[PDB]
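Now for the letters of each chain:
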Amino acid sequence: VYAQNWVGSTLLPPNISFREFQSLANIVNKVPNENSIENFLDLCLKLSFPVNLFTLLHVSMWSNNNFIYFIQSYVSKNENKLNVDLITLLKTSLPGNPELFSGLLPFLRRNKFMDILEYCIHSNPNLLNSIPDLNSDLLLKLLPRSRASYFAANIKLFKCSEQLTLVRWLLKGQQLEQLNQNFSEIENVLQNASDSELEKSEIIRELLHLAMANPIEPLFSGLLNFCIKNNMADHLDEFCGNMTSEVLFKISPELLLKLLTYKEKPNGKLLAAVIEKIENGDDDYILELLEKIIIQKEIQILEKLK
Amino acid sequence: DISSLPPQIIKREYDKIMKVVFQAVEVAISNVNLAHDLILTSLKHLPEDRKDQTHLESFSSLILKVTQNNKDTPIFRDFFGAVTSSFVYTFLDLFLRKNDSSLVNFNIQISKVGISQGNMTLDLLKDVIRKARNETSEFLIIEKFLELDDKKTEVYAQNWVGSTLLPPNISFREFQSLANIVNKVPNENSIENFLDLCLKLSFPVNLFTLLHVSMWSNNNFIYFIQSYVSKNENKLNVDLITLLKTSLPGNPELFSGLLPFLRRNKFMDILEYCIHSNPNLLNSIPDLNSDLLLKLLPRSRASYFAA
């Protein structure tokens, strides 16, 4: 109680030995408070000598309120800038504690220093979780860049709207091998509606055009999930219209029928590019398809005997 | 086959057209989606020459009936948000005057049927600003939303104003609006952003004429001085001295927190005037070491200390 007041209010001697200076610094490092912090800044503006202050001023050991008040009143008086020493502090403390980063985002959203915000999210993205009223416009411009490997592998840990604007980045970054490896946490988004049924249709457009040229694995897992929600005609009838020969020869027989059987004339024009594989095409592909029509009894679609 | 009706006719006999539409929705309250898109389109086509108080209150009186028969359910709530936000957006200047009878009376009806009143009013504001993205500044919209005293609108205002970077071209009309928000929800981060703003200004505007800091709590008044004096000129400008000379002598809590700063900054007359106007300060100070009192010479009021 006496120390916080003496140190935060007595005028300091402009001749103070290095031996005294280290002692004064250790007092503030034990009783971190508004005035004991402030009067320790009102000295540094006048030092006719070098020395990093952090080697005796272990702000990474301080409580979060004191760390915040320290950086605020440091930067405001010194140069409104981040010198080297201040970067090396921040890159060890904020990745070790999300609570510490909370009031710290405001000051970085003000004076920008964009390269700092890139490094914390690149060490761990679970920082985006507990943000006050987080929005699009912002998160779309905070492209995570940390490989989509972290974001798709945890997509369920977001909110609602953020699911749409995440997949909007995965596509526009060509992150193919991240929509695939985590497909099961993605199907449950397009299923559950959203804050904008409009962004769904444009996302579904960006999916089919890349799937047609790149079967990989989700061509089956996706196109199955498409027809279990017949609220997709504005994409199925396009998919059957944009067809190319080698694309059809990778359609699973369990799926080519489950597309056309729960449909009529519109999806039916897909048959145009199936003639290439029945007539003069492939011996065993015709026979794997012929199982499915007989086992389920899909007779109205059997009208193809010429 | 029904290829709409030409835009002239809709604008012309609008007041005849909408009679039947209102009566259809007053019976169709059973079908949420039917009532929802009818309102959205009738507003999206509502002509400028009809953007008055009568047509405004009519849509409010329609939504009232629909909402009182139903209940807060996820499906009902999120459509109701998009409907009501489009209604306020269509009439926006008629809700954004400075007293707005329509604004406040509307909130007192929506609070009747929700899982939390403080989500319904807030998610309203968040949709309205997602519509108005270049026509109307957030400040003017927030200026009237805080006249509700809705504690969840205050929370989001502190989160925005304390952290969004401000435009170096801001009209005086925006500047006064942003200032009035801080005069209702003053907080550490909201003050710190306004300073990083004034440091980048092209115009002088002696700030105190808009800030009214002597109305803010003791912590708010303290923290404002610390960052302002240091970022500005390491000293006080006219209005600060005239402020401090009459806020401090009447409040001992504020005096106790500012006393160390005024001491380390050598502000002699500032300290002396407080003792000359209020001698009781010297016995409410914790740890008045005899060296401090020998340097806080009473000067005037010698006729008080011996007495």
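What counts and how
Residues numbered from 1 in each chain as written, not as in the entry; some residues may be left out. Chains lettered and ligands numbered in written order. Part of a larger assembly, values for the part shown. Heavy atoms only, no water. Buried < 20%, exposed > 50% of the residue type's maximum accessible area, 1.4 Å probe, protein only. Helix = DSSP H or I, 4+ residues; strand = E, 2+ residues; numbered from the N terminus. Arc of directions from axis to C-beta. Contact = heavy atoms within 4.5 Å. Axes fitted to C-alpha atoms, helices over the stretch in contact; angles between N-to-C directions. Parallel < 35°, antiparallel > 145°, perpendicular 65-115°, else oblique. Nonpolar A, V, L, I, M, F, W, Y, C, P; charged D, E, K, R; others polar. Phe/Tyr/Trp six-rings, centres within 6.5 Å; stacked < 30°, edge-to-face > 60°. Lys NZ or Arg CZ within 6 Å of the ring centre and 35° of its normal. Patch = residues over 30% accessible without salt bridge, like charges linked within 9 Å, V, L, I, M, F, W, Y side chains within 5 Å. Areas by Shrake-Rupley, 256 points an atom, 1.4 Å probe, with all protein chains shown as cover. Salt bridge = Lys/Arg side-chain N within 4 Å of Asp/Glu carboxyl O.

Under the annotation held in the PDB entry, chain B carries the name Telomere length regulator protein RIF1 and is attributed to Saccharomyces cerevisiae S288c.

With the PDB entry as reference, chain A is termed Telomere length regulator protein RIF1, source organism Saccharomyces cerevisiae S288c.

Chemist: Would you take a moment to explain helix α15 (residues 238–247) of chain B for this structure?
Modeler: Residue pairs three or four apart in sequence face the same way in an α-helix, which turns once every 3.6 residues. Residue and element names in this part refer to chain B. Inspection of α15 places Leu240, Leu243, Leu244 and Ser247 among the buried residues, and these make up the whole buried set. Down the axis of α15, the buried set is contained in an arc of 95°. They therefore lie on one face. Opposite the buried face of α15, by more than 90 degrees, sit the exposed residues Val238, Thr242 and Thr246. Here the buried face of α15 lies against α13 (208–211), α14 (218–232) and α16 (252–264).

Chemist: Would you take a moment to explain the packing of helix α8 (residues 117–131) of chain B against helix α10 (residues 151–161) of chain B for this structure?
Modeler: Packed helix pairs are specified by the crossing angle of their axes together with the interaxial distance, meaning the distance between the axes. Residues and elements named next belong to chain B. In the contact formed by α8 and α10, the axes pass within 8 Å of each other and the chain directions differ by 45°. Taken together, the axes of α8 and α10 are oblique relative to one another. In this structure, α8 contributes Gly118, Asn119, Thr121, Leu122, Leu125 and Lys126 to the contact, and α10 contributes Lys152, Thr153 and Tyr156. Of the residues contributing to the contact of α8 with α10, the split by class is three nonpolar, four polar and two charged.

Chemist: I tried to follow the packing of aromatic side chains on my own but got confused; where do I start?
Modeler: What characterises a pair of aromatic rings is the spacing of the ring centres plus the angle enclosed by the ring planes. Inspection of the entire model under this criterion finds 21 aromatic pairs over all chains. Geometrically, the ring pair formed by A:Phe151 and A:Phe158 is tilted, given 6.4 Å between the ring centres and 40° between the ring planes. Feature note: the residues B:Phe22, B:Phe59, B:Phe87, B:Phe91, B:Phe95 and B:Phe106 constitute an aromatic cluster, connected by ring pairs. For the cation-ring pair, A:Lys91 lies above A:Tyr119, with the distance from its terminal atom to the ring centre recorded as 3.8 Å.

Chemist: Would you explain a nonpolar patch on the surface in this entry?
Modeler: Residue and element names in this part refer to chain A. On the surface, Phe18, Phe49 and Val51 cluster together into a nonpolar patch covering about 310 Å² of accessible area. Note that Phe49 resides in the loop between α3 (34–38) and α4 (64–78). On the accessibility criterion, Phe49 (41% relative accessible area) is partly exposed.

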